[PDB]
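A.B. asks: Would you mind keeping the following structure in view while I ask a few things?
2 protein chains.
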Amino acid sequence: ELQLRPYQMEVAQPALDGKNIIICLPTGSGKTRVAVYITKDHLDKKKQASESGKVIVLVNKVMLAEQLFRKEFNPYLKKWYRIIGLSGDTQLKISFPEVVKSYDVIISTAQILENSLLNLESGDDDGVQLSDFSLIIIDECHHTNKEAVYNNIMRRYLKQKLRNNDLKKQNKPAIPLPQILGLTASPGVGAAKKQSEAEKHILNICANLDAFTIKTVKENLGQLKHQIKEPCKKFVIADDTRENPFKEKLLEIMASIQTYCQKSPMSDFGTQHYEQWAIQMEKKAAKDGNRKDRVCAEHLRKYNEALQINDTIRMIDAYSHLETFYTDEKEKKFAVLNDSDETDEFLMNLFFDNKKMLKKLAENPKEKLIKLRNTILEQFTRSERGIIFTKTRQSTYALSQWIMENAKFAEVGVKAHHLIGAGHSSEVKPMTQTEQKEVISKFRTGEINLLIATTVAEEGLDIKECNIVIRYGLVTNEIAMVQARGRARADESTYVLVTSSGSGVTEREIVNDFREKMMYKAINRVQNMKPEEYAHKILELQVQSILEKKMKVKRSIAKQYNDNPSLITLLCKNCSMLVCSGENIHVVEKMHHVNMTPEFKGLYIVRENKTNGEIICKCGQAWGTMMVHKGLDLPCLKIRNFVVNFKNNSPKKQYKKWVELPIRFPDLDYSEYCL
Amino acid sequence: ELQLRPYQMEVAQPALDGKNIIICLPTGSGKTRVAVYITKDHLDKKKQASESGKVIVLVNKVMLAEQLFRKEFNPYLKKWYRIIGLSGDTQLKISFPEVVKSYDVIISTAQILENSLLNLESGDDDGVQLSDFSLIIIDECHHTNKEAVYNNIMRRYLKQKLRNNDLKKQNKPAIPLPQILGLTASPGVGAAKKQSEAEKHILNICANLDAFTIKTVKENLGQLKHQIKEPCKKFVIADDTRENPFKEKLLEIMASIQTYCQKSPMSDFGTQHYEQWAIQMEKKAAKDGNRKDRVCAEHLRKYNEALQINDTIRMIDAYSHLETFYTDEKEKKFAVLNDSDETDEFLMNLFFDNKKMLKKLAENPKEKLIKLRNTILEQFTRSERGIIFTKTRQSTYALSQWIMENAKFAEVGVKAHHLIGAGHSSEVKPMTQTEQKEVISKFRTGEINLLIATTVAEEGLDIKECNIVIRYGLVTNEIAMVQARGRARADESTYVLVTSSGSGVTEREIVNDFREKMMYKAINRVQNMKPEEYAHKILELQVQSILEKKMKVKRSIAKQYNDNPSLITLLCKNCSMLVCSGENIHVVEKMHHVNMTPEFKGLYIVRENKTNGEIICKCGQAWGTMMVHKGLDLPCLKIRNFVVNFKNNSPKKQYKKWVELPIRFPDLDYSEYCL
RNA sequence: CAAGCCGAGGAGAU
RNA sequence: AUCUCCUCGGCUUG
RNA sequence: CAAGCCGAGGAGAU
RNA sequence: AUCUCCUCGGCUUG
Ligand SMILES: Nc1ncnc2c1ncn2[C@@H]1O[C@H](COP(=O)(O)OP(=O)(O)OP(=O)(O)O)[C@@H](O)[C@H]1O
Ligand SMILES: Nc1ncnc2c1ncn2[C@@H]1O[C@H](COP(=O)(O)OP(=O)(O)OP(=O)(O)O)[C@@H](O)[C@H]1O
Ligand SMILES: [Zn+2]
Ligand SMILES: [Zn+2]
């Protein structure tokens, strides 16, 4: 039943017989079907060869593993051989080492295999070796980078390959090495200005992947051009001339607070440099133990980010963010007072006094939003799907709120939903993988006609067809832009970019376009190179990478060696008071820290407002949570909100992290808490 | 919205229609607005001409490019056309060749364009040609000199122009050449005594720029005289009669050390000739391999420079400099001994024994500083900005320390800060471009009322208004003086010069004044000349310059031809011992050198005190650093601290430089370091 | 469904 | 090399 | 933020 | 033509 096409033959013909190589075709070129066909051919050759045929497929994203399991690999290969799809979300509840030798076909994230090999080296588990495999297939090869996961696996493979070469000169016996295949569309450039450097980056990629070729289509390219239609390019610009009243009022309060705290701005307002200066002032205040330097800095930061989003988000969202922050602060203050400095009262009373007028001033008119609405609605009328790319998740939420609230979209009847990434990213609600999964399914079937997504959807997150692809103030790198452009896969596509004229964004878009042109100019060059000098370059890059990794591991071992028991005193950053000693702390689960002595309980204050409570200091500085672990409600504390004081010279140092502290703490002896 | 003035029309009228010319107006005459208006007119003519309009602007300084991008060009031209500002600091991260044909307006440093053209000639990159442009504009035309960057570009242009002329006689087709405009205020004189030679220099400038005219204002000159007010000239002199005690003690130790090392001074003390003699003795000691000749010479040099600054700097700074130098020497000696000649002990013990008495003798009183303070404070009281020009950066630092420490300035409340140049200049901390940028911004907005700067601020570094301009022992050339004088741009200005009466400095100031007078006397002359003989002179100078450049390139190619693999033996200059062979050395990044054999590791000693360590010899002579490159911590060595010994005739030669050695070294073969 | 931990990648400013 | 901002994967607990 | 490399310009003395 | 002292730009590495 398997079906194929000419360009697929031409690209995949070399790999049919050895030739561990890479393949670079645009999106929607059937690369997945190429891969399944190649795997089938390899397994057939093994069977007719009376040799063990093992195939492993590696994908950076978890979803794509199940996607290939459901759509391409299993349907076209179910009957001939045994197949399985692994992932972190999925329970590989047997084990990796033997399922490698139980199904002959593995589809798993690279991290699982990497963990298995590390376990083997540690000797804790029997583990697995690459020799057990006969064919490795890697999707999204462009991620093979300085020390990415793919790069780690390939560095192990290349060390084995160098050992085998050395033996070939020394001893005939050698460890067999499985074939390697790579799939990609935009290999990318490591920020190379000279085309020579771009080719150097391409050769580095090839050496990491041991491809020895690229094998891009050259004969039937016309057929691909006919089948694939590139979206029409559209540029959109804007200027922030309006917004004068409320911006002016906010800047007036800005200047007032600054002069009150006498902060030299050392930079222009509304920029990342100012935030960095604010953080430097935070650190200085920590090293000095004074107030009036950090609360003001955080408030300035909140105002700055509010202003930044205002240029790209409606003022209502910024006002709500600020109000929520101040309400949380006031709840903190009320709790601390309930248990029972002038600048804090100044800030809160300033905001309270001007709260009503600020609300009235923000509610009034005086935007990219109006023109975005114009473009989207006129396009929808002309069409009778849609994707938005932005910077931060709350921007996606604001866009969803805007499209729901406005009645014009309801008149059009366009369906929309907000999609974002997972995990915790500094005050953005983590999103569950399953939730993203039903969102993508709902969009796939048709109910959602508009999908708002962050960089996650830029890569992978494959869809059959997306008619409209519009980016909104998001330009990062050539790979992101090109993959977003190719994600349309529609017969007729509209690629739009929206941003501010003052900001350097259109320049970035054209830079990515030139990077694509340069990628072609370099890929065609490398495809035409002398085999001897070529292989020489691959060897040089391989050996250099292996050596660099070896020195890096040596310096990682040599960097962390102190591990002293107790040589410090931990204080509260906000109020320089002795909070804990260097030994009273105890470790649990080899990851968390806690203080158990009741003397510590007599210092801090417990607070809960909302299923684990949080801790606060006498000065209102948040410390941690009340972890419920194996019965015990242990008070876990975050070093992110503390200060250190060594026993000698008292050099104050803030780490925002535990491992960055070279000295280790003792584990929790439950026997110390008997009765 | 664009606005203009009559003299601007009169000067710029000829350029409106061809007439590749130059313009010479004083500072703050709106030359920038003249340039933007001319560019706008040219682009409009191209548009109505249905022809491609390309404009490129060249500036020697990096900052001025962004300055024109922010203040003059973009604000007045944003809407009509597309604009961009390039620089080394800025990432032209697309490429030069196509951004030339992407925005129609380029503002970049000349070096970038020069590099692009050299790349084109080499054929490595597609590159760019001047034909792609339609109008070239050059600021600071006075820098078009013997083989400056502007001169290189103009020499290429003039070779093309001569080819086009030859074809015009031979073949009608010819490569079109963009118009050329030059902007300046003080074209300058190439040290001409006869007014005929001054006019010759002016004609050389014009020929390099192909100006064919000067077009200085002659009609509305009265209006410029009214609008611009020249600063009042002030001379100040001083004598070093005082300072007898500590100077006498220093000269006593001077004589003691000299007699101990029996050095014929061959010159007077406290002069550059003595330093040159000391360096000659250094070289002789290198050619003989003896001690007691270089350490003493360096100590004498340090004493000499200390004395020189004492005439213009407080003794505390000189004492601190000497103490730091000797502490560094002693740390070196302690390290070398830690691993485990009588004159060195003599020097160190002499300084140690007299250290306390020297400190006590320097602390006592017995200066230009007191009168400088008097003048500055009385002027500040009279005024109810300020700029200081000096020789060396540490002088600026000393001035900042003096103004901060003294309480009288605090009573006045004058704000001050030290500004200096960037880069490494033999034991002066390099300064970052961004740092200079925020310094200039802070002064511009008002917080800094006093800006101490070196020759960098003399040229460019434009400021709206600088009330006070005072120079402190700095007279170099007529251009520096005139530009510093015009940099005031204040309605009322005070130009002051301070220096020693004995030194020949007031003479230099009046020489620069006469040079300005002579520049006018020659510019008015050249503006009135016969067109035929004029063009003849321009042609003669152009052809002469092109021919000279051609012979220079021929002799540069013919000079470096040996490039032998290994014919020498490298020894330590201080101790004549075999340090390395002619082949054991290896090259990396095509710029650095290193020795990898452990036998070399068994010879030198590693030292680190402070993120790269340094190397020292068994005799305490510093050699290089431990470069951390692409993983490897390769030991990089500086030929500046070594001696050479050829395999024949053993002629010792010190180069202070690698390229000056005609023989080349092999690159680093990483394969030689496997495992 | 929530919390925590470990590593990695990309962009922007020093 | 440092700081900031975003994103991915793996592990643990409830 | 630090280090290194390449060229160029100016001043002073032989 | 040589030596010394200052300044500019470009490139690379971390
Ligand atoms: N040989 C083929 N004949 C017909 N259609 C094909 C063939 N190969 C692939 N396709 C089309 O490919 C579409 C799926 O594209 P697919 O996901 O395989 O592309 P891709 O290049 O792997 O994508 P991406 O770059 O997003 O990972 C299917 O709708 C099918 O129509
Ligand atoms: N046509 C004009 N009308 C009014 N003011 C003008 C005009 N042209 C220039 N100016 C004044 O010029 C000042 C800026 O001077 P500018 O930097 O252009 O001088 P410049 O001659 O280029 O300087 P420099 O010699 O330092 O490079 C502005 O403050 C503006 O007041
Ligand atoms: Zn506290
Ligand atoms: Zn030595």
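One line per chain: the protein sequences are A and A', in this order. A prime marks a further copy of an entry chain.
Using PDB author numbering, the letters of the first sequence map in sequence onto residues 306 to 645, 670 to 695, 699 to 716, 720 to 945, 956 to 1020.
Using PDB author numbering, the letters of the second sequence map in sequence onto residues 306 to 645, 670 to 695, 699 to 716, 720 to 945, 956 to 1020.
In this text, a Cβ means the ideal position worked out from N, Cα and C, and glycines have one as well.
1) How about A':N595: is its Cβ closer than 7 Å to a heavy atom in ligand 4?
2) Leaving aside the five residues before and after A':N457 along the sequence, list all residues of the same chain whose C-beta is less than 7 Å from its C-beta, in chain order.
3) So for A':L977, helix, strand or coil by DSSP?
4) Examine ligand 4 and report whether any of its heavy atoms sits within less than 7 Å of the Cβ of A':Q966.
5) Ligand 1 and A:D797: does the residue's C-beta get closer than 7 Å to at least one heavy atom of that ligand?
6) With contact counted as at least three CB pairs below 8 Å, one residue from each stretch, are the stretch 502–522 of chain A' and the stretch 317–330 of chain A' in contact?
7) For A:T332, is the beta carbon positioned less than 7 Å from some heavy atom of ligand 1?
8) Which residues mark the beginning and the end of the beta strand (DSSP E) in which A':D826 is found?
9) What residues of chain A' sit near A:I845, judged by a beta carbon separation below 8 Å?
10) Between the stretch 357–373 of chain A' and the stretch 327–347 of chain A', can you find at least three pairs of beta-carbon atoms closer than 8 Å?
11) Interface residues of chain A' around A:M571 at Cβ under 9 Å?
12) Which residues does DSSP pair with A':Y455 in a beta bridge?
13) Any idea if A':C964 is buried or exposed, counting beta-carbon neighbours within 10 angstroms, 16 or more meaning buried?
14) Using a Cβ-Cβ cutoff of less than 6 Å, which residues in the same chain neighbour A':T727 once the five nearest sequence positions on both sides are dropped?
15) Given 7 Å as the limit, tell me if A:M912 has its C-beta closer than that to any heavy atom belonging to ligand 3.
16) If contact means a Cβ-Cβ distance below 9 Å, which residues of the stretch 965–996 of chain A' contact chain A?
17) For the stretch 976–984 of chain A' and the stretch 999–1008 of chain A', state whether three or more C-beta atom pairs, one from each stretch, are separated by less than 8 Å.
18) Are the C-beta of A':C511 and some C-beta of chain A separated by less than 8 Å?
19) For the alpha helix (DSSP H) that contains A:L874, what are its first and last residues?
20) As a quick exercise: from A':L435, A':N525, A':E426, A':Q500, pick the residue whose alpha carbon is nearest that of A':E315.
21) What are the residues that DSSP puts in a beta bridge with A:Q484?
22) Could you check if A:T337 belongs to the surroundings of ligand 1, using beta carbon to heavy atom distance under 7 Å?
23) Going along the chain, which unbroken runs of the alpha helix (DSSP H) with 4 or more residues stay wholly within the stretch 332–357 of chain A?
24) Can you tell me whether A:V973 is buried or exposed, with buried defined as 16 or more other CB within 10 angstroms of its CB?
25) May I ask whether a heavy atom of ligand 1 can be found less than 7 Å away from the beta carbon of A:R779?
26) Report buried or exposed for A':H604, applying the criterion of at least 16 other Cβ atoms within 10 angstroms of its Cβ.
27) Which partner residues of residue 697 of chain A' appear in the DSSP bridge assignment?
28) Could you say if the stretch 828–847 of chain A' and the stretch 790–797 of chain A' meet the contact criterion of at least three C-beta pairs nearer than 8 Å?
29) Taking only three categories from DSSP, how would you classify A:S836?
30) Give the straight-line distance between the Cα atoms of A:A870 and A':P980, rounded to the nearest whole angstrom.
31) Let me make sure I understand the geometry here. Which of A:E636, A:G969, A:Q567, A:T904 has the alpha-carbon closest to that of A:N993?
32) A':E943 CB to nearest chain A CB: under 8 Å?
33) Please name the residue, chosen from A:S761, A:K703, A:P331, A:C566, that lies closest to A:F675 on a Cα-to-Cα basis.
34) Give the DSSP-derived three-state secondary structure of A':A788 in the structure shown.
35) So does A':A490 have its beta carbon nearer than 7 Å to some heavy atom of ligand 2?
36) Run through chain A and tell me which residues come within less than 9 Å of A':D430, C-beta to C-beta.
C.D. replies: Checking against the coordinates, here is how it stands:
1) Taking the first residue of the second sequence as 1, we reach residue 595 of chain A' at position 290. No, the beta carbon of A':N595 sits no closer than 7 Å to any heavy atom of ligand 4.
2) Numbered from 1 along the second sequence, position 152 holds the residue referred to as residue 457 of chain A'. Counting only Cβ-Cβ distances below 7 Å, and skipping sequence neighbours, we find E419.
3) Indexing the second sequence from 1 puts residue 977 of chain A' at position 632. The answer is strand: DSSP assigns A':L977 an E or B state.
4) Translated into positions along the second sequence, residue 966 of chain A' becomes position 621. Checking every heavy atom of ligand 4 against the Cβ of A':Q966, one is found closer than 7 Å.
5) Mapped onto the first sequence, residue 797 of chain A falls at position 462. Yes, since a heavy atom of ligand 1 falls inside the 7 Å radius drawn around the Cβ of A:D797.
6) The answer is yes - the stretch 317–330 of chain A' touches the stretch 502–522 of chain A', with three or more Cβ pairs under 8 Å.
7) Walking along the first sequence from the start, residue 332 of chain A turns up at place 27. Yes, the beta carbon of A:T332 sits closer than 7 Å to at least one heavy atom of ligand 1.
8) The residue labelled residue 826 of chain A' in the question sits at position 491 within the second sequence. Following the DSSP letters along the chain, one finds A':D826 inside the beta strand (DSSP E) bounded by residues 824–833.
9) Here residue 845 of chain A refers to the residue found at position 510 of the first sequence. Within chain A', the residues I399, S407 have their CB atoms less than 8 Å from the CB of A:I845, given in chain order.
10) As far as the Cβ criterion goes, the stretch 327–347 of chain A' touches the stretch 357–373 of chain A', which means the pair count is three or higher.
11) The sequence position of residue 571 of chain A within the first sequence is 266, counting from 1. One finds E773, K777 in chain A' with Cβ atoms closer than 9 Å to the Cβ of A:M571, taken in chain order.
12) Stepping through the second sequence from its first residue, residue 455 of chain A' is reached at position 150. DSSP output for A':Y455 lists no bridge partner at all.
13) For the purposes of this step, residue 964 of chain A' is taken as residue 619 along the second sequence, with counting starting at 1. Exposed is the call here.
14) Here residue 727 of chain A' refers to the residue found at position 392 of the second sequence. The answer is none, since no qualifying residue turns up.
15) Taking the first sequence and counting its residues from 1, one reaches residue 912 of chain A at position 577. Correct: A:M912 has its Cβ closer than 7 Å to ligand 3.
16) Result list: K975, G976, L977, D978.
17) Two segments are said to touch when three or more pairs of C-beta atoms, one from each, lie closer than 8 Å; by this definition the stretch 976–984 of chain A' touches the stretch 999–1008 of chain A'.
18) The residue labelled residue 511 of chain A' in the question sits at position 206 within the second sequence. No, its Cβ sits nowhere closer than 8 Å to a Cβ of chain A.
19) Working through the first sequence from its first residue, we reach residue 874 of chain A at position 539. It spans 866–894 - the alpha helix (DSSP H) in which A:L874 sits, taken as one unbroken run.
20) As a first step, residue 315 of chain A' is located in the second sequence; it is residue number 10 there, counting from the start. For A':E315, the nearest C-alpha among the options comes from A':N525.
21) Residue mapping note: residue 484 of chain A aligns to position 179 of the first sequence, counting from 1. Partner(s): A:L440.
22) Working through the first sequence from its first residue, we reach residue 337 of chain A at position 32. At a threshold of 7 Å, A:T337 counts as near ligand 1, since its beta carbon sits closer than that to one of the ligand's heavy atoms.
23) If we require 4 residues or more, the alpha helix (DSSP H) runs fully inside the stretch 332–357 of chain A come out as 336–353.
24) For the purposes of this step, residue 973 of chain A is taken as residue 628 along the first sequence, with counting starting at 1. So A:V973 ends up on the exposed side.
25) Translated into the one-based positions of the first sequence, residue 779 of chain A becomes position 444. Flag unset: Cβ of A:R779 not near ligand 1.
26) Working through the second sequence from its first residue, we reach residue 604 of chain A' at position 299. Counting Cβ neighbours within 10 Å, A':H604 comes out buried, since at least 16 surround it.
27) This model leaves out residue 697 of chain A'; its place in chain A' lies between 695 and 699, and no residues are given there.
28) No, because fewer than three Cβ pairs between the stretch 828–847 of chain A' and the stretch 790–797 of chain A' fall closer than 8 Å, the two stretches do not touch.
29) Counting from one through the first sequence, the residue named residue 836 of chain A turns up at place 501. DSSP places A:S836 in coil when its eight states are reduced to three.
30) On the first sequence, residue 870 of chain A is found 535 positions in, with the first residue counted as 1. On the second sequence, residue 980 of chain A' is found 635 positions in, with the first residue counted as 1. A:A870 and A':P980 have their C-alpha atoms roughly 30 Å apart.
31) By 1-based counting over the first sequence, the position of residue 993 of chain A is 648. The residue with the shortest Cα to Cα distance from A:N993 is A:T904.
32) Numbered from its first residue, the second sequence carries residue 943 of chain A' at position 608. At a cut-off of 8 Å, the C-beta of A':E943 has no neighbouring C-beta in chain A.
33) The sequence position of residue 675 of chain A within the first sequence is 346, counting from 1. The residue with the shortest Cα to Cα distance from A:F675 is A:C566.
34) Stepping through the second sequence from its first residue, residue 788 of chain A' is reached at position 453. Here A':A788 sits in strand by DSSP.
35) The residue you call residue 490 of chain A' lines up with position 185 of the second sequence. A':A490 has its CB nearer than 7 Å to a heavy atom of ligand 2.
36) Here residue 430 of chain A' refers to the residue found at position 125 of the second sequence. The answer, in chain order, is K499, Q500, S501.
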